[PDB]
Amino acid sequence: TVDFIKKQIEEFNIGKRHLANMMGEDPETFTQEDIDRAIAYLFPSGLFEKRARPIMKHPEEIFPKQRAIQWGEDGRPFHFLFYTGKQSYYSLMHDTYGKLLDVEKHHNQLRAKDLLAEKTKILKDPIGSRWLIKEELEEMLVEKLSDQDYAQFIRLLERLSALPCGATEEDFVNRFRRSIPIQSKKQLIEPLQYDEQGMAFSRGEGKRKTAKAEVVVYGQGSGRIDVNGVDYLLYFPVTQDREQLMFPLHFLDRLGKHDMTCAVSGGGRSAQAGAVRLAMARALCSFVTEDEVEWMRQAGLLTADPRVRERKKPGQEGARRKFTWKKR
Amino acid sequence: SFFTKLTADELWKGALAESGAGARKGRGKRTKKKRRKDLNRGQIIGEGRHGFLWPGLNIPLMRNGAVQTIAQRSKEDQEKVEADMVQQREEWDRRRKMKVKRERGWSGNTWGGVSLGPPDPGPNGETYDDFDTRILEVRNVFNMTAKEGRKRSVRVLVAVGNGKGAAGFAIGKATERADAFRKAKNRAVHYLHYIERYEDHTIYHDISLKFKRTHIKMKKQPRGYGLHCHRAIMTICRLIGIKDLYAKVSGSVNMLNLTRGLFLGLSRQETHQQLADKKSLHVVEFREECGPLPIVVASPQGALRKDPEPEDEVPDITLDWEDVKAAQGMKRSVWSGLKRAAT
Amino acid sequence: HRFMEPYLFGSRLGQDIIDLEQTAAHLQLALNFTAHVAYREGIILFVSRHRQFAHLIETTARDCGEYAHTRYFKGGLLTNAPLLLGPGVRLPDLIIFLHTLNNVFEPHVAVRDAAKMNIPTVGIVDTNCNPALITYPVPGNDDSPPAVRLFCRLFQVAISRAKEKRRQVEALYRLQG
Amino acid sequence: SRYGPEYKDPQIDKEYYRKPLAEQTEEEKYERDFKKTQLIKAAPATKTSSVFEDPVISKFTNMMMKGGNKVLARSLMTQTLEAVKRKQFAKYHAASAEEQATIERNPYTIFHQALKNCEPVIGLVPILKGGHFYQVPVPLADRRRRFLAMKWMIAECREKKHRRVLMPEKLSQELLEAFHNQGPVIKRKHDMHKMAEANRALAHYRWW
Amino acid sequence: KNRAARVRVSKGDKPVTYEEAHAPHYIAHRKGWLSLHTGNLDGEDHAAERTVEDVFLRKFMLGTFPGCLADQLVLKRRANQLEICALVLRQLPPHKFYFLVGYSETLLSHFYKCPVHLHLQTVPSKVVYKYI
RNA sequence: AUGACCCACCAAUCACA
RNA sequence: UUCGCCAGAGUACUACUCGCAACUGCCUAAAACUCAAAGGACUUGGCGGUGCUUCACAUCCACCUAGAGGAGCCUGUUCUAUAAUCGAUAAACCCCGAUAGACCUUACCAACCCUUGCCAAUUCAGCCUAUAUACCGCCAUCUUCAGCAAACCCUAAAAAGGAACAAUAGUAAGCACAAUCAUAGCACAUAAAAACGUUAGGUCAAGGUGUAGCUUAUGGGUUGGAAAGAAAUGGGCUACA
Ligand SMILES: [Mg+2]
Ligand SMILES: [Mg+2]
Ligand SMILES: [Mg+2]
Ligand SMILES: [Mg+2]
Ligand SMILES: [Mg+2]
Ligand SMILES: [Mg+2]
Ligand SMILES: [Mg+2]
Ligand SMILES: [Mg+2]
Ligand SMILES: [Mg+2]
Ligand SMILES: [Mg+2]
Ligand SMILES: [Mg+2]
Ligand SMILES: [Mg+2]
Ligand SMILES: [Mg+2]
Ligand SMILES: [Mg+2]
Ligand SMILES: [Mg+2]
Ligand SMILES: [Mg+2]
Ligand SMILES: [Mg+2]
Ligand SMILES: [Mg+2]
Ligand SMILES: [Mg+2]
Ligand SMILES: [Mg+2]
Ligand SMILES: [Mg+2]
Ligand SMILES: [Mg+2]
Ligand SMILES: [Mg+2]
Ligand SMILES: [Mg+2]
Ligand SMILES: [Mg+2]
Ligand SMILES: [Mg+2]
Ligand SMILES: [Mg+2]
Ligand SMILES: [Mg+2]
Ligand SMILES: [Mg+2]
Ligand SMILES: [Mg+2]
Ligand SMILES: [Mg+2]
Ligand SMILES: [Mg+2]
Ligand SMILES: [Mg+2]
Ligand SMILES: [Mg+2]
Ligand SMILES: [Mg+2]
């Protein structure tokens, strides 16, 4: 299957030339990014599954990695672990264990010479370091693995890192590191805004359950709220909804200090109260301190409410409720 | 009514009813059989019984260097063409109703004794055309399954050999008969024994073995006395190359225990050279037809004894009451003398 | 083990003392055989499932340019070779066991299956092993470290020596013409 | 369950967030709360930061509600609290200075106390043994008991009133009668207690 | 068990086209539409006509090119003309193929009173997606 | 507590002259 | 080395004998006749009002909420009833084929009519005739159950079984599950999906068909009729405030 790969690369290069020609672009500065736009425009398949759509890519990415030939023309297998049936994995285990022994020897000589000169590199936790998944390892050896296998190996790396770390050792265990990406849930503060000689107004948009709400809050005003051009006592006759509107302000003790205008559409009364609630909350984050933002989040003020009406299902009554079931 | 019609595949699939629940539990009998015949088999593009001739299809595009026009055959010409097609159908029905001959093994409906022909080439390119295979026992065997209830596997027991002294047997089992045949062949070639043959026709010496509940008893014959044996043993012998033999099986005649027992027995033969060597003497053969003349069969490579064998006036040996009864003419069975066909 | 009694010099206070005269007699033969297989350019497979010396043996093998299986022995490895390893494969020409047992104390599978495959087998059979199916057995102690290190070193040297002798005699054959 | 198990319940209390600096273990705890990058369920519409809302009053409100009407049930609760209030203001001004020191005018404390008095101590579970169903005395969890109280209140002041009579009226009546322990609700509580003594031997059948 | 337009699993030998290997719930997800026309869109007309036309075309084509049809037809309709596109096994001599192309295109053009194009793509043997 | 009888595996192709 | 026993199963620890302090007894011990088996051990299932662990998340008990079963109606079954269709009819039927019957639909009943009688041709059209136990097509069900299955390999023989991770004989492609896709951002949920088989489950009246049936009729038309409530019951609607 090597001749295949060679040919496929030839024709991918010839093809990439052709494509670059019709799309009217420079064949040198053509990227994969550009190839994609070019196909997407030439063979426009709406299909929801992205793997089923037309693709022209470098055959190395398209085809799966291949185990190379395992023996010479005489029949002798190249690698001394061949007959284990997994050479890749047991080699890894072999060299890992070897490095462990090495560490033990060297550190014992340094125990007899009255030297512990090493340090514990085992805490990378601020880097957000983790081990490879089994999938990753399986991709790195070009070989299938077992859960207990992966487990064994990882446990061994652990044994390694728990001792004095050499340079080549640190470098060794760090192939098997990955870093988990950014973990911070801190919000993105809306830049405060100054409009037409008016000072300090902020915007926010809530969405709850078929109701949309856009709320503009002025820091410079006294306490009142105008929803769809009318007073909030008129628009929200029910106490419960007025209390919902009150929640975020009363939480920040801003209750007299701000002046708000709102546009709310769709849903019923309670849904609109909820919408304005969320939007108001999100708007008041510009005026407040970064710590109280975390507080509002921890009160559940800043999260949209995902709960929404479920679809009725055929052969049932209510999306859950079932037609009456007769035993006999 | 044109829309109302279907594909051939659909219609046949429909009519044959192979996929029904009748076929699965064996809810219908095997003597009932119907088949699918391709209805496009003998037809040509352009052909119709109206009799037209189209320039691109029925007839060549150009005749005498010009373009042939659309034309129609004469009445009698179409008569002849349809006669031809009818005779073609009748010919295919004549071909279909003729059943190929199956060489009968032991009995007509037994698979026993039948040849499967050479096993299949091994992965290394290694090829045995010298080997034949015979079926010993085919059996429908069942197992009770959670879902399907009864579940029917065939298991066959087969033997291979080249006639030159290497034979072996193996067993194979599968849902399909064909499949088990393949399996047991290819597996047999892996367990081969070497059977030592005296002078390449008989065994070396008399054998008696009790394998499980089966007793085989074999006796070594002279050159002319062909293969007088249980039919399975004759089959196996013909595969080994053993041409002259007598064997009586008693106790359970169960087939697998018989061929296991047999191979065990034959494997354990003690050659004349082996005997010569362990006793360290000449082993000397007295033919009856050659008189007192002492043919020397085996000589003890290494140092021969100067010590004679202790002469036992009266030997202590286990005797079989059957052989003694035979020797003294007390076997009167009407079944024993019978004339049988050649080996 | 019953079949080991001919190799016992006797029993000292409950311990069984293998007879070294016989160990030497045999070991000479095993080494001889090993070497000739090496000279003939054939595959040698060290096999042990004992986790002390696993590393030691894997090492030893890699240094002779010979192969080691020290790990769990997959079921059909020798009998069904072309499925486990590949489409066509060479199988070891010789198999050395530094321990004839598997960690559950039954005989290592490879013994029955190497026999099954017509591959000759050298192996160190301790006092409780079953030597019967092993082509050239050398009775002796498999459990203690200087012993295993010794046997490793010996088979190593035999192999290396043979491969050398083959190189040199090849060179000679090349200058012959 | 449009929330994954990852999502924690929110803490609505303002006092908790306002005054952190005096507590070590709790500082560590809510540090671990937010810094865990922990997801929070969105605070429910019923619950507020209001200084005026009693979770017990709200529960009761809910258990009173038929269909989807919060508006109607919150109405009836509001009206009932107002009715207890005015019934006690009536009982206050027709009284003398001693009884003006004694009588309780907070409708909230009356509600609470009247429920505490009406909650059962012990309870009954049916247990099948030898093909017979015996009723057996069972200790109850707190929540089960509060529930039994509220449910008994509402069941009575739904069921036994005359159809002319409105709900906040009958409910305020029974709240005040259960405040002083003479209510029919309390008689029910006692029927349970007596049925639980009658069967006390059978307390052995309980295996947990 | 849903059976609709499915090709059931056999003993594992069965050759299966890319089309046949995908059950109806994969339409518009993995496999696409064997026809294209305006009729089924929101505000549009004469869906029924085009459906019948379609059915007749599949039947007709299947009978006109016996045995040489590889996969189900592709019918593209654009501004009053229909381009039929087919995958064809190589069976016939190109004489028979061109004869049938011309014959068909004319015949159907006069039947449905619109210009009909026919596009043959030729294939050695049924393209095989799975099993086999 | 009870629940007629009866139910199952013994036949081989296609293609060409 | 001996002795005592055993020649299919029943009939039969029986009938007749002899002997015996036994008199409903022990001992000894047949045959007619009936059968083509009767037996022994195992194997995989299934089952168990068998034991031990672990569970049930609308789910069994404990528990929560709203209903049904009683009333009137609405609509379907069963009966009974009619000259007067058919199909479903434990779970897996019962506002089900029907997202739909005043004529039509329509298949039924009664009168009447028509016999190369829809088509390019045809000693042929046509058949809602019988068989869903001949079937394709669509499905139901176990089921959000995790297994099915080719190709091999192993077993002092194999009916079948094939794991132990400080690993003891198993590798396995494939299909399911899983993952992805959808519900216009994640996530979750829901939808969709769910193999092999099981119930000769449902449907010859969607259409198509095997086999067998009708042909001046079991076919094609026209006109008009299809009632009904003794009773039983399912599901709903509206209520009882
Ligand atoms: Mg509802
Ligand atoms: Mg015959
Ligand atoms: Mg030992
Ligand atoms: Mg009875
Ligand atoms: Mg029964
Ligand atoms: Mg006998
Ligand atoms: Mg008898
Ligand atoms: Mg007795
Ligand atoms: Mg008697
Ligand atoms: Mg007598
Ligand atoms: Mg329930
Ligand atoms: Mg109701
Ligand atoms: Mg009711
Ligand atoms: Mg009712
Ligand atoms: Mg009916
Ligand atoms: Mg019918
Ligand atoms: Mg019926
Ligand atoms: Mg049913
Ligand atoms: Mg009518
Ligand atoms: Mg009519
Ligand atoms: Mg009719
Ligand atoms: Mg059926
Ligand atoms: Mg699985
Ligand atoms: Mg066994
Ligand atoms: Mg198996
Ligand atoms: Mg597999
Ligand atoms: Mg998505
Ligand atoms: Mg999901
Ligand atoms: Mg579903
Ligand atoms: Mg899925
Ligand atoms: Mg049925
Ligand atoms: Mg039926
Ligand atoms: Mg029909
Ligand atoms: Mg009714
Ligand atoms: Mg219903």
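For the structure itself, consult the block above.
Throughout what follows, the structure given in this document is the object of discussion. (Residues numbered from 1 in each chain as written, not as in the entry; some residues may be left out. Chains lettered and ligands numbered in written order. Part of a larger assembly, values for the part shown. Heavy atoms only, no water. Residues with missing side-chain atoms left out of burial classes, pairs and counts.)

Here the focus is the interface of chain A and chain D. Counting residues at the interface gives 29 residues for chain A, matched by 29 residues for chain D. Carbon and sulfur atoms supply 53% of the area buried between chain A and chain D, which totals about 2,600 Å² over both sides. Taken as a group, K185, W295 and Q298 of chain A account for 26% of the area that chain A buries against chain D, more than any other trio of residues on that side. Taken together, the connections running from chain A to chain D amount to four salt bridges. Along the contact surface separating chain A from chain D lie 16 residue pairs in polar contact. Going through the elements one at a time, α9 (239-252), α10 (269-283) and α11 (290-298) of chain A are the ones with two or more residues in the side of chain A that touches chain D. Per-element accounting of the side of chain A that touches chain D gives the leading share, nine residues, to α9 of chain A. Split by residue class, the side of chain A that touches chain D holds nine nonpolar, nine polar and 11 charged. (Contact = heavy atoms within 4.5 Å. Buried area = accessible area lost by both parts, 1.4 Å probe. Salt bridge = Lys/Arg side-chain N within 4 Å of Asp/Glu carboxyl O. Polar contact = N/O pair within 3.5 Å; in protein donor to acceptor, adjacent residues only side chain to side chain. Helix = DSSP H or I, 4+ residues; strand = E, 2+ residues; numbered from the N terminus. Nonpolar A, V, L, I, M, F, W, Y, C, P; charged D, E, K, R; others polar.)

Moving on: the protein's contact with RNA strand F. All names here are of chain B. In the neighbourhood of RNA strand F, 14 residues make up the surrounding shell, with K25, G26, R30, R35 and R150 lying closest. Here, RNA strand F places atoms within 4 Å of the protein, and 51% of those atoms are sugar or phosphate. Between RNA strand F and the protein, one listed contact pairs a sugar or linking oxygen with a side-chain N or O atom of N140 at 3.4 Å. (Near = heavy atom within 4 Å.)

Let us look at the arrangement of the chains. Comparison of the four pairs of chains in contact shows the highest number of contacts for chains A and D. Left apart from each other, chain A and chain B have a closest C-alpha approach of 13 Å.

Moving on, we come to the sheet that holds strand β7 (residues 136-139) of chain C. Residues and elements named next belong to chain C. Pairing within the open sheet is parallel, and its five strands lie in the order β4-β3-β5-β6-β7. Only two strands of the sheet have a single partner each, and these edge strands are β4 (67-69) and β7. The mean angle between the axes of side-by-side strands here comes to 20°, regardless of whether they run parallel or antiparallel. In this structure, strand β3 (residues 44-47) lies alongside β4, joined through three bridges in parallel fashion. Paired with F46 across the strands is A68, a residue of β4. Here helix α1 (residues 20-39) sits on the sheet and contacts β3, β5 (94-97), β6 (121-125) and β7; the angle it forms with β7, its principal contact strand, is near 140°. Its contacts with the sheet put helix α2 (residues 54-64) on β3 and β4, and the angle it makes with β4 is roughly 160°. (Pairing = 2+ DSSP bridges. Axes fitted to C-alpha atoms, helices over the stretch in contact; angles between N-to-C directions.)

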